[PDB]
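A.B. asks:
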Amino acid sequence: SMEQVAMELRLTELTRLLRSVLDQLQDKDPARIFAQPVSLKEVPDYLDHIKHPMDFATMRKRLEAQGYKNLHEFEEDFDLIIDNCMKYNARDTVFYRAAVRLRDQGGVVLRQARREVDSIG
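Numbered per this note's numbering, the sequence shown spans residues 23 to 143.
Here's what the structure looks like:
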């Protein structure tokens, strides 16, 4: 149907905007701490601690399959990155601190993304 096509065009355009959001958030992680999944070879107990691991590469795979239906879904995954790190790692660690800085800096990007998603519909 033509309606299904219009809907697919909307999803494609959301995907475009979320790709730009993802790039901007990932620039706030210049150490690349959140770039890849935590390695279960190197942190073998990880899944005993963290039930839903997340990282920027996993988000990018989902994004490119157009697997985010709305901004809320994408924000859920970004918050997992931050929240998982702040639980597994202690306050005095470079990992925790990286997460805090990512959360604070990403807030700005996400605030305007929400306006844009609502604005363009």
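Cβ atoms here follow ideal geometry from the backbone N, Cα and C, with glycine treated the same way.
Rounded to a whole number of angstroms, what is the C-alpha to C-alpha distance between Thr80 and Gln127?
C.D. replies: By 1-based counting over the sequence shown, the position of residue 80 is 58. By 1-based counting over the sequence shown, the position of residue 127 is 105. When rounded, the distance between both Cα atoms is 21 angstroms.
A.B. asks: Is the CB-CB distance between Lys50 and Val131 below 9 angstroms?
C.D. replies: Position 28 of the sequence shown, counting from 1, holds the residue named residue 50. Position 109 of the sequence shown, counting from 1, holds the residue named residue 131. Going by C-beta atoms, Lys50 is nearer than 9 angstroms to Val131.
A.B. asks: Between which residues of its own chain and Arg125 is the CB-CB distance below 7 angstroms, once the five residues before and five after are set aside?
C.D. replies: Here residue 125 corresponds to residue number 103 of the sequence shown, with the count starting at 1. Excluding sequence neighbours, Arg125 sits near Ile104.
A.B. asks: May I ask you to report which of helix, strand or coil DSSP gives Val65?
C.D. replies: By 1-based counting over the sequence shown, the position of residue 65 is 43. Coil, per DSSP.
A.B. asks: Note down, in chain order, each residue of its chain lying with its Cβ closer than 8 angstroms to the Cβ of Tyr118, except the 5 sequence neighbours on either side.
C.D. replies: As a first step, residue 118 is located in the sequence shown; it is residue number 96 there, counting from the start. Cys107, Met108, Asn111, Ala112.
A.B. asks: Would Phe78 and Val43 qualify as a contact pair, given that the criterion is a beta-carbon distance under 9 angstroms?
C.D. replies: Counted from its first residue, the sequence shown places residue 78 at position 56. Counted from its first residue, the sequence shown places residue 43 at position 21. Result no, Cβ atoms of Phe78 and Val43 do not sit closer than 9 angstroms.
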